[PDB]
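A single chain, nothing else alongside it, follows as structure tokens in the form deposited in one PDB entry.
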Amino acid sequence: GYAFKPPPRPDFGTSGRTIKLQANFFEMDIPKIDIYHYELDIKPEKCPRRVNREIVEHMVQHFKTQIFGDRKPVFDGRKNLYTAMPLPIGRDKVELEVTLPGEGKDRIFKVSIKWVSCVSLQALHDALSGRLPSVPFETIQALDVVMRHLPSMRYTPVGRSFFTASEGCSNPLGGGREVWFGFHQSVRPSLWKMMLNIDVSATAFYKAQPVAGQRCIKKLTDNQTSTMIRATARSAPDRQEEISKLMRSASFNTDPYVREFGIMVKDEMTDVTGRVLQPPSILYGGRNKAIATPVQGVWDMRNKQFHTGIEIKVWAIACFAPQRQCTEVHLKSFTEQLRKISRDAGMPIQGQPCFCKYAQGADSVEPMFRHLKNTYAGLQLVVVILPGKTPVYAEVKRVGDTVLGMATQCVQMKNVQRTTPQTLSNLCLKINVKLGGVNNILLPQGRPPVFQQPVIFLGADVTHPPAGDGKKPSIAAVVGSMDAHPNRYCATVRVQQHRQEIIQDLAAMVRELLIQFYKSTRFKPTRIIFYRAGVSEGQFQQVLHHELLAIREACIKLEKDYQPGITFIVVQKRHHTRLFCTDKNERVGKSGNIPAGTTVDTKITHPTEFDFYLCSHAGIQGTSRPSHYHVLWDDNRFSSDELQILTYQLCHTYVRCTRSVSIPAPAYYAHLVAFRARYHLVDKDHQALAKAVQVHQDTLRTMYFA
């Protein structure tokens, strides 16, 4: 076991304006009776699940008198069976025989019943309301099996989801593909009661025309995914109506396999009271030092200059696109437009580029870049025109970031031939950040009280190669804020063993980031806020145990008797929690989604632990997915309001756009550093790969990854 438990909730959030919401969680009436856990062993071990459930029903209907009495038990399909009342077998094991036909053959099955444990729903009710510190996971799987018994028979199971055939609304897609509609069904705990999380979904099947229920797994063209996008395009009201109609049609409250366990489910979505946090003010620079107010999570840079602008004296253009497509007229027009746009933004580009020549292939990247470095003293930036996807991008990134230490920016050919003010403005944001300047900062007086002391913000993420591997290693990236502003971040990366979830060398990189912070700000951080991405809920305990100890070890290696407060937050942006507006007057945009800054820490979240949802971004397509934040550790004793406000404001510090993003800036930066390090390994034994992801000394202290 581990000795680090996640902290409980300090309080509930109060700040922000109240918004009425409806989450796709359905209240569950769980009785206090004890249900009984069994296990079924069937030989051989390669039985189909369909005939497994069929022979389970055959035993129930056949051996009714001997064992099963008058009960209807539930089965997950593979191993374990549950019954609401105890079968008269005690600890005994009974071997029975099942006769079945086959595809021209005959099958004889042997089946055994074994008692396992007595799981209690009273203990679950105690754990759901501040009595037991841990929700009993065995009870959760038992309840999930109970509620997914009949969907596994009426519909066709697909993973954890059930898909039914489309009636009337069938999309032919292409060939024999269809648009079979279904839903993900899961059982989640909450402080108030048990919740049935249900989200609507669709996938291709093979009912076709001259056996139905065959899911598509083969390969086809790109037209099918576009047609399925057009068929399944659902805004927030569309998903809300689909899930509500699905729950009204399914009717769990009339299922006999649910009634024997004495369970009621609510047919309506749970009403949850959210709060829309106000956005921070964005302080720009230049002459006016204009202040931008994010309206619906989006602001602009019109009549605004960078907080610190980098004047570009000498720059180069390396066009790897063909001359006949990307001409000199296009390059000159792009240069003039970029110079005027950057002059508007407080980033003056003085004069024409020193170098502007064409090149071909990734083999020419290193000699051309070496010539650029050795010929033009004081060179600040090389613009790389690329003809779409190419290995030239990976070679350029490897040469500029790890080999030569040259700041480079890649632009597609299509964005040079046809320029837009927004593309050039976003480019200028990238250039200003890549050249050492800061675009904007949070308003220092509009920031939470955490910023009144030296505080570093860390973001971590691990990218793993797909399984069936082991020559390809995993990459762990950690970034750290470098001022009280925080908008500039230093990046540290490591290569580690394949498919490893914890960060093995976290202490070394956190030590490097702390050293860089102490160099840049001349102060050690009194508070370390650690945003960790890509950690599953099962891995929470081992990830916390390894990584909190690694952070403490790094702080000790920095200086004796140096133990700053650490907050460990795990970001999960992939889940099935969907939030909708109860009233139409609070829907935002054509997608009708919740406004940016909507935070939920009630009634759908964890019973006894510091966790919350925050939709910091403004959804413009589909239904917004609010990022989930779980506080695995908190030495600083953050209030809920302060932590949520800080998270939202950190989501407002992303430098690549004038937008509020779904996750805070350090987590996004760690993700980008992991992707960049993956690009650095394209040319590729651990020491050869540890040296490959190591960026140049002139590249280490800048935001190459932006």
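In case it trips you up, residue 1 is the first one in the sequence shown, and so on. For the two forms, the rigid core is made up of the largest set of C-alpha atoms that agree within 1.5 Å on superposition.
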| property | result |
| --- | --- |
| Residues with no coordinates between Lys684 and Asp685, taken from the deposited sequence as a class | 10 or more |
| Deposited residues lacking coordinates between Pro210 and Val211 (none, 1 to 3, 4 to 9, 10 or more) | 10 or more |
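Same protein, other form: the form deposited in another entry, not shown, and the subject of what follows.
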{"property": "Mobile residue between the shown form and the other one, C-alpha criterion 2 Å or more, rigid core, from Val433, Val495, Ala292, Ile551", "result": "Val433"}
{"property": "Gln380: Cα shift of 2 Å or greater between the shown form and the other one (core-aligned)", "result": "yes"}
{"property": "Core fit, then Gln337 C-alpha moves 2 Å or more between the shown form and the other one", "result": "yes"}
{"property": "Cα displacement of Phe355 between the shown form and the other one reaching 2 Å, rigid core superposed", "result": "yes"}
{"property": "Pair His498/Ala394, Cα separation in that other deposited form versus the displayed form, closer or farther by 3 angstroms or more", "result": "closer"}
{"property": "Closer or farther in that other deposited form: C-alpha pair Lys691, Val510 (3 angstroms or more)", "result": "farther"}
